[PDB]
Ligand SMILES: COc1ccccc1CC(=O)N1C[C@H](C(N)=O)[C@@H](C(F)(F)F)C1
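Just one chain is shown here, as structure tokens, and it is the form solved without the ligand.
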């Protein structure tokens, strides 16, 4: 579990979005496993605006933050998970690291702020859904 809290927006894995998220929907994309909902209080997170490929991510199944190198976002064949079929996911970044299903929502951060959230796992990789192309998270 985990979210990004930027302005009056809550960014979560689409597959973990709650009824309240869907009832207060701003934007969602199944291809990228992302959903954004509205918030009452303003959030503490800043979104990175950058092409960094190094950062740190939180791994709940280890209670640890790990430094990683990651790819720029791509269309990656993701093997079957407990929450998704074997399928293609867009705007996905991969790193070598530990990821189990419950690690979804962990933040990846660079020197510029929040890059994305854990979205995929298995076979010694962790995948992150990128948010840095969502400039509209910074305004309105």
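Residue numbers count along the first chain shown, from 1. In this text, the rigid core denotes the largest set of C-alpha atoms whose superposition between the two forms falls within 1.5 Å. Residues that one form lacks are left out of the comparison.
J.: Should the higher mean CA B-factor in the entry be assigned to 54-62 or to 25-33?
T.: Averaged over C-alpha atoms, the B-factors run higher in 25-33.
J.: State which stretch shows the higher mean Cα B factor in the entry: 79-87 or 43-51.
T.: Of 43-51 and 79-87, the stretch with the higher C-alpha B-factor average is 79-87.
J.: Select one of 123, 13, 120, 18: the residue whose C-alpha shows the highest B-factor in the crystal structure entry.
T.: In the PDB entry, the greatest C-alpha B-factor among 123, 13, 120, 18 is found at 123.
J.: Splitting the chain's C-alpha B-factors into thirds, which one does residue 69 fall into?
T.: Bottom third by C-alpha B-factor.
J.: According to the PDB entry, is the CA B factor of residue 106 in the bottom, middle or top third of its chain, that is, lowest, middle or highest?
T.: Within its chain, residue 106 is a lowest-third residue by C-alpha B-factor, going by the deposited values.
Below, we refer to the form solved in complex with the ligand, which is not included among the displayed structures.
J.: Please classify the binding site as open or blocked after superposing the ligand from its position in the bound PDB entry; blocked means at least 3 ligand atoms come within 2.4 Å of backbone or C-beta atoms of this form.
T.: After the site C-alphas are aligned, the pocket of the shown chain is blocked to the transferred ligand.
J.: With heavy atoms only and a cut-off of 4.5 Å, decide whether residue 43 touches the ligand in the bound PDB entry.
T.: Contact check for residue 43: no, nothing within 4.5 Å of the ligand in the bound PDB entry.
J.: Sequence order please: the residues of 64-90 with a heavy atom within 4.5 Å of the ligand in the bound PDB entry.
T.: Residues within 4.5 Å: 78, 81, 83, 84, 87, 89.
J.: Once the rigid core is superposed, exactly one of 86, 75, 41, 96 has its CA displaced by 2 Å or more between the shown form and the other one; which residue is that?
T.: Just 86.
J.: Looking only at residues found in both forms, which runs of 3 or more have C-alpha shifts of at least 2 Å between the shown form and the other one after a core fit?
T.: Flagged stretch (3+ res, CA at least 2 Å): just 79-87.
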